[PDB]
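To begin, one chain is listed below as structure tokens, in the form deposited in one PDB entry.
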């Protein structure tokens, strides 16, 4: 190693993901020549669709279409960096490939005006969940969120996101049925402690609090790549480079890319 870097591709080989899942190629070393890396990456889709690369940081690039994937689309990814100088004498340690498919269109919209999280599958409403989002002093950002990992039980610690547990906006909370939707720390999870406020008042630090029953349903039926869109909150907009906020970047900007950066 040292002059060799190993690329990692997401999603998993054979995985079925939602319509918002971007292709992600992560290197274990910073890429000096982003242009070279993009050239070494071949992506084939069926049905065919145009897409483009955009870097979230110095080690990870993302590729996605202008709009959400069409359900049933099959995607093949070939990261051929072996023999390729990714910049300053750094070569790919080996080549990697992955194949994944797009499942049904699942888009859950959380409207702060109604305090309801509505899950639509292929355009049809299948669930309407009262929710309680970030309180005014710690609001939930508006925007398009891509569903990530899920946990039957986990502890969310504010210090993971730069906020001391002992501070006013701090917390170290055990939660059931947690589905992560932003690297910034936003999750859709079971919140038995805010069932009264759900559908009426925002009381969280930013997460989308829902009933235990609804959180479990969300955990069982929503998958990586599905979409959660938050609208009308007093917060700002999820950053395009969050890690799960890719879609908040305007297509013209995304297509333009940032390889010469």
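Only residues modelled in both forms are compared. The term rigid core refers to the most C-alpha atoms you can superpose between the two forms while keeping them within 1.5 Å. Positions refer to the first chain, counted from 1.
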| item | value |
| --- | --- |
| Higher-scoring stretch by recorded Cα B factor average, 239-247 or 21-29 | 21-29 |
| Segment of higher mean CA temperature factor, 70-78 or 93-101 | 93-101 |
| Deposited CA B-factor, highest of 197, 234, 36, 230 | 36 |
| Deposited CA B-factor, highest of 185, 123, 134, 164 | 123 |
| Third of the chain's Cα B-factor distribution that residue 84 belongs to, per the entry | highest |
| Residue 222, C-alpha B-factor rank within chain (lowest, middle or highest third) | middle |
| Third of chain Cα B-factors occupied by residue 42 | highest |
| Residue 48 by Cα B-factor - lowest, middle or highest third of the modelled chain | highest |
| Chain-relative CA temperature factor third for residue 205 | lowest |
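Separately, the form deposited in another entry exists; it is not shown, and the next lines address it.
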query: Rigid core superposition between the shown form and the other one: residue from 122, 113, 137, 160 with Cα shift of 2 Å or more; finding: 160
query: Core-aligned C-alpha movement of residue 149 between the shown form and the other one reaching 2 Å; finding: no
query: Core-aligned CA displacement of residue 171 at least 2 Å between the shown form and the other one; finding: yes
query: Superposed on the rigid core, segments between the shown form and the other one of at least 3 residues with Cα shifts of 2 Å or more; finding: 158-171
